[PDB]
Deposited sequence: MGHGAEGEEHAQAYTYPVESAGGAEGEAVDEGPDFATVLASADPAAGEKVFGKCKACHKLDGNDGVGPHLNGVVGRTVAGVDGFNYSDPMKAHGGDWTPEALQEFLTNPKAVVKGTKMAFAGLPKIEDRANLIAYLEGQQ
């Protein structure tokens, strides 16, 4: 629904991830560096080095939104790619102002890169 682009030509997310390209993910992360670092520093968003498997809303000292704090669970690869599909829909009232990664391979490639940034 709606009059914007919605097709995907590269389409089971686990299958997409298993063949992902971490160097391509390293470039997708450029879209997140204004807010997120991979050296443990926190800023507009919390650091994302070691996010894969981390408790949701877990970074010490970072002031998360109410729906993020109340969510529970961990950032598994499925959780991460669901949230990155369209943050504002997937966690209504998130404070992350990012439109999303509609390309399924961009999500899988970005998750594969974050897996190597623990």
Stretches of the deposited sequence lacking C-alpha coordinates, in sequence order, are 12-33
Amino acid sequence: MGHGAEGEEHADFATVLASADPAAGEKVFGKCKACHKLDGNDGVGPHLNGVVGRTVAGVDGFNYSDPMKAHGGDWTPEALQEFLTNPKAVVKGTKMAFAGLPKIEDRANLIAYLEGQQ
From here on, numbers count along this sequence of modelled residues.
Among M96, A11, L110, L17, the highest C-alpha B-factor in the PDB entry belongs to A11
Top Cα B-factor in this entry, restricted to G73, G30, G45, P77, sits on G73
Of the three thirds of Cα B-factor ranks in this chain, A57 occupies the lowest
In terms of its chain's C-alpha B-factors, the third that includes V91 is the middle
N41: C-alpha B-factor third of its chain, per the entry, is the highest
Binned into thirds over the chain's modelled residues, the C-alpha B-factor of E105 lands in the middle
